[PDB]
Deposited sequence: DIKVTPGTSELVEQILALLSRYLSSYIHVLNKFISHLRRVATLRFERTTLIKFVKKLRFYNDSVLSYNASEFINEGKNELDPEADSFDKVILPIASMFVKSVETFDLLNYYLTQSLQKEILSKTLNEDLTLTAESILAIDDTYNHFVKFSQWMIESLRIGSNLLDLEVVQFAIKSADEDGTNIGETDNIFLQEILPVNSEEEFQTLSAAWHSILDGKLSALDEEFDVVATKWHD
């Protein structure tokens, strides 16, 4: 139904630029932490795990920044009947990349803010090596908003399926055995113009979450 226009490739690159900024922010703070952890001999193997996760995030970020949206977008001259790309089809690969990246950040956040924190305390007692409570809060907040953004893109285009579902959203749903961001906070709507508007609002909400994250990340890296 909805067809791509000559502004679509721009919109896709702006959406992907947010993901690059989210990936680049972790790359930056974890590069700094991994470098500091060279001095702590008992965290040798946690350090190699974090380096694994960083290599992956850099891989995703390098892929996002290499994507030439134009290559994958066939416009018309003005709705070339059978050949202008459908909008939902142009967004699907982007939503797919968001979903895969969100599920990585779910695993990495849990390692970095739960498991590792306890392990660092258990091995060293050293609160200087831990994240601040405000950084964990900002990590969780940003993650929840990228998850909701991703749900928003997918459901507003009706491109959703079991294969594009996020763990945390399905978990919140299934917790229907009884400020509820993922939940029956539903969504509906209806043209590329209307998509562009809501994605302009989301861009601004995500850009604010990311500046806050960066600020907390700058503060914690003070300790190192």
property: Gaps in the model, given as deposited-sequence positions counted from residue 1; result: 179 to 186, 233 to 234
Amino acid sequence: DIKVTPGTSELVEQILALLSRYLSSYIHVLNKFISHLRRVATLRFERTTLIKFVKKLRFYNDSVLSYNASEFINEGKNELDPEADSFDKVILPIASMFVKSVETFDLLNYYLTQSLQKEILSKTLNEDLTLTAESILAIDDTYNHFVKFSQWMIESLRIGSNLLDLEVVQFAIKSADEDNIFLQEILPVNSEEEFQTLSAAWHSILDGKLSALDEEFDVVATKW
From here on, numbers count along this sequence of modelled residues.
{"query": "80 to 88 versus 93 to 101 - which carries the larger mean C-alpha B factor in the record", "finding": "80 to 88"}
{"query": "Segment of higher mean CA temperature factor, 104 to 112 or 130 to 138", "finding": "130 to 138"}
{"query": "Top Cα B factor in the deposited entry, candidates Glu46, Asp62, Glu185, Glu167", "finding": "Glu185"}
{"query": "Selection from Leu50, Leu37, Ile181, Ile27 [criterion: highest C-alpha temperature factor in the record]", "finding": "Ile181"}
{"query": "Chain third (lowest, middle, highest) by recorded CA B-factor, residue given as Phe72", "finding": "highest"}
{"query": "Position of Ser9 among the chain's modelled residues by C-alpha B-factor, lowest, middle or highest third", "finding": "highest"}
{"query": "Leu57, C-alpha B-factor rank within chain (lowest, middle or highest third)", "finding": "lowest"}
{"query": "Third of the chain's Cα B-factor distribution that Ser66 belongs to, per the entry", "finding": "middle"}
